[PDB]
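S.K.: Numbering (the deposited numbering), first residue to last: 86 to 242. Okay, here's the structure, questions in a sec.
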Ligand SMILES: [Ca+2]
Ligand SMILES: [Ca+2]
Ligand SMILES: [Zn+2]
Ligand SMILES: [Zn+2]
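Written as structure tokens, this is what we have:
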């Protein structure tokens with residue numbers, strides 16, 4: 086699965102109250118930019134209406150047959166490129182969401198989920214963003230690990 090348009094829209098449908106709205110918006114924007122700088126994709130935010138990629142914070146059963154599980158465990162999930170639910174990214178509202186090294190950093194989690202939104206599966210490289218399990222990495226000048234660059238380059242050339 087892969088997108089056939091280069092300019093994709095996204096919409097943040099709701100917000101965790103644990104971060105300022107500005108910090109939620111910056112986490113999401115920066116997570117998309119990680120992939121944009123390694124691909125031809127251009128991400129465009131809309132405030133209402135139907136976007137290619139919906140982003141939301143939900144708890145437990147939330148209408149897609151993949152319920153969240155409360156604190157810890159599954160932090161978020163995302164759907165492969167396609168119409169409707171395709172591309173969408175959901176975050177477990179019951180987590181602690183941070184902009185620090187404390188569990189769990191929203192920017193890093195979003196970055197992983199957006200890999201799925203663009204067509205990547207999990208990686209077996211423990212250093213890869215797309216590794217199945219979360220590990221905090223310094224965020225200040227974070228760039229995609231080389232394994233993830235390889236992955237998105239394989240899809241979008
Ligand atoms: Ca959870
Ligand atoms: Ca969608
Ligand atoms: Zn979901
Ligand atoms: Zn994943």
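For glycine and all other residues, C-beta sits at the position ideal for the given N, C-alpha and C.
Please classify residue 202 as buried or exposed, where buried requires at least 16 other C-beta atoms within 10 Å of its C-beta.
M.R.: By the neighbour-count rule (16 or more Cβ atoms within 10 Å), residue 202 is buried.
S.K.: Within 6 angstroms: the Cβ of residue 172 and any heavy atom of ligand 2?
M.R.: The answer is yes for residue 172.
S.K.: Since I believe residue 195 is in contact with residue 112 (beta carbons under 8 angstroms), could you give me their beta-carbon distance rounded to a whole number of angstroms?
M.R.: Confirmed, Cβ separation roughly 6 angstroms.
S.K.: If we require 3 or more residues per run, which beta strand (DSSP E) segments fall completely within the region 90–153?
M.R.: As far as the region 90–153 is concerned, its whole beta strand (DSSP E) runs of at least 3 residues are 92–97, 127–130 and 138–143.
S.K.: If you compare alpha carbons, which of 210, 127, 109 and 116 is closest to residue 94?
M.R.: Answer by Cα proximity: 127.
S.K.: Three-state secondary structure (DSSP) at residue 206?
M.R.: In this structure, residue 206 counts as coil in the three-state DSSP scheme.
S.K.: Would you kindly report the start and end of the unbroken alpha helix (DSSP H) that includes residue 232?
M.R.: Run containing residue 232: 231–240, per the alpha helix (DSSP H) assignment.
S.K.: Within a Cβ cutoff of 6 angstroms, which residues of the same chain sit near residue 186, ignoring the five residues on either side of it in sequence?
M.R.: Only 221 meet the Cβ criterion.
S.K.: Measure from the alpha carbon of residue 137 to the alpha carbon of each residue in 215, 148 and 163, then state which is nearest.
M.R.: Checked all of 215, 148 and 163; the closest Cα to residue 137 is 163.
S.K.: Give me the residue from 122, 158 and 105 with the minimum Cα distance to residue 231.
M.R.: Residue 231 has its Cα closest to that of 122, out of 122, 158 and 105.
S.K.: Among 106, 100, 182 and 242, which has the Cα closest to the Cα of residue 157?
M.R.: Measuring from the Cα of residue 157, the nearest candidate turns out to be 182.
S.K.: What would DSSP say about residue 192, mapped onto helix, strand or coil?
M.R.: Three-state result, residue 192: helix.
S.K.: Tell me which residue opens and which closes the beta strand (DSSP E) that residue 176 is part of.
M.R.: Residue 176 -> beta strand (DSSP E) spans 174–177.
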